[PDB]
Every structure is written in structure tokens, then in C-alpha cells.
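My sequence and its experimental structure, below.
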Amino acid sequence: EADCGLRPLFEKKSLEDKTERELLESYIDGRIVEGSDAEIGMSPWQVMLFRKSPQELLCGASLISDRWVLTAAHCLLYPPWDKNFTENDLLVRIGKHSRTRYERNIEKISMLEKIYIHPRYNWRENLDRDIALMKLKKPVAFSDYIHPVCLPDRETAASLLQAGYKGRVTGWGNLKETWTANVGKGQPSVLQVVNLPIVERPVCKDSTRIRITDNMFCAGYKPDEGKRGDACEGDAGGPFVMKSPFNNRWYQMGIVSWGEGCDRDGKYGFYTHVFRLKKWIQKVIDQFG
């Protein structure tokens, strides 16, 4: 993807968003509250996986080219919950900021041609290879609000995905909505952004009963600080992104995965490691586009 990861309303316009410098510096402020309303056009690869009937937000996703959308497999297929969505059940909504308003002349609604789930996706013993691709029926036109994210290459994967570096999750709080014990305050009105540090793998593992496979990584703050920046702000299947200081581009390093730990503890988010599964992603795009 030639133009990926450069945002029309930011990089292309010589503007920076309110916290990208903090990401690039790996800076963790002493402040408590990290989550906030996203700025317009800040995440133009953001996608809503929407149910046709009844009309509801199912999951998040990301735009990786004019015909391809990336998401988590469990958003589409989870047999223990009698979950199996077919192409005809779903729509994708691209270019959105408002959670609920139809954003006429800004958002685009696309139909699905075909769903592809990782052949080695596992839900039986534990969740693993939690990744899926969706091919759109028609190419989406890019705009100021609609633009694809980059996927990492080998060297970008190794240099960016390190403990203590900071990434970013954006979404409409679908993870919290799915997994919350109690609906306190509702879902957010507007796309949300939170920056989160990558966590050391042994620290992740000791925090949870859920198995952290090698195809997963984790991000978030130590329970110690009373921080109100939370992974739950993202949507299952949505993007975890990092900006490269090498080429100024945004790369999707992770996919928001299983959210069972979005009760209380201040707990780490789990993400599918995108580069580890890239051989499959690239094969599908290259062969079945």
C-alpha cells in the first residue's frame, strides 16, 4: 500500500495530533486520565463492523487497502457462544467519528464479498491466531476521513514492538460494552483515543488466568498508578497502532483481542501480534484480491 499510514488531515497537512509526540517520545506523564475524545480524522483507517438487523455495532476493524478490512476472528466466529456471522449479516462503516449519527457525506457503508478467518484460528483450548480479513464488494474511495493504515514489515515489527514503547488504541468503547459487569456511564458519543505502553511478556502472564500465546502481546499501565486510560476504550477487532520515527507513518502492530478482563483491576489489554500472522494476511490479499 503506497500511501498507507499518512493521514490527510494530519501528516499530509503538516499538522500533529494532540498526543503523537508523547507516543514518539515513549513519554508517560504523571497525569491520571489518558483517554479522551479523538480529533476529527485522527484515525482514518477506523472501521465499524455493524450488524444489519438489528442495527448494532458488533466490533471494530481497520482499513488496510481500498478492498480489505482487518479484524479479530472471534468477532465473526465463536462456536461456544453460537456466534457465526456470514457476509450477508454485516456491513462495514468507514470514515466515522460519531458513534450513533449517520454521518452523511463523510462516512461510507460497504458490503462484504467474503470473510477469511485464519486457518489455524483456535478457540478450543485457548484463543490463538485471533485474526480475520474481510474483502469488500466494491473498492472504497479514500478521502480526508477514509485512508488505510500500514502493516509492519520485518524490521518495523522488531523495532517498534518493544516493552515500554507506547502505542495507541482508538474505538467507541465496544470492548467495555461487551465485557462490562455493569453498564455505568454509557458508550462514548464520539471516537475515543488512549495511548498505552507495551508491557513485558512475563508481567502480562502473571496478571491473568487467560493464556497469553506467542501470537499475542499486551499493553497498559501498572495497577499501581490510578490511571484512567483504558484498553476497554477500544473495540474488539480494532487497531493498536504506533507511529514510526523512521518514515512518519502509522503502522497497525496489533488487533484488540479477548476482553474478558475488562471488569476492574486496571488490567492489561491483549492484542493479536499482526506481524507474526502477516504471511497469512499477505497470502490472502495477494492471492484472493
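Received the coordinates, thanks. Residues are numbered from 1 along each chain as shown.

just checking, residue 263 touches residue 176?
No - applying CB atoms under 8 Å as the test, residue 263 and residue 176 come out as separate, 10.0 Å apart. Using the backbone N, CA and C atoms, a C-beta is placed for each residue, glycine as well.

Neighbour count: the two, which is higher?
residue 176 (23 against 12; other CB atoms under 10 Å).

The more buried one: what secondary structure?
At residue 176 the chain is in helix, as set by DSSP: H, G, I helix; E, B strand; the rest coil.

likewise residue 155?
Applying three-state DSSP: residue 155 is helix.

same check, this time on residue 194
Going by three-state DSSP: residue 194 is strand.

List the contacts of residue 260.
179, 210 (CB atoms under 8 Å, 6 or more residues apart in numbering).

Now do the domain split for this structure, please.
For the chain, curated CATH domains gives the domain ranges 32-43+149-275, 44-148+276-289.

Could you identify which of those is most buried?
Comparing the domains of the chain by mean neighbour count (mean count of other CB atoms under 10 Å), domain 32-43+149-275 ranks first with a mean of 19.

before we move on, back to that, with distance to residue 17 added, can I get the domains of the chain in JSON lines?
Supplementary listing: the domains of the chain in JSON lines, determined by distance: least, CB to CB, whole Å:
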{"stretch": "domain 32-43+149-275", "distance to residue 17": "5"}
{"stretch": "domain 44-148+276-289", "distance to residue 17": "12"}
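
closest to residue 1 out of those domains?
Closest to residue 1 of those, according to CB to CB: domain 44-148+276-289, at 5.3 Å.

can you give me the helices for the stretch 151-289 of the chain?
Secondary structure of the stretch 151-289 of the chain by DSSP state H, counting those that start in this stretch: the helices cover 154-160, 174-179, 201-205, 278-288.

Pull the residues that contact the shortest one.
Yep, that's helix 201-205 we're talking about. Outside helix 201-205, the residues that reach it (CB under 8 Å, 6+ apart) are 163, 212, 217, 218, 268, 270.
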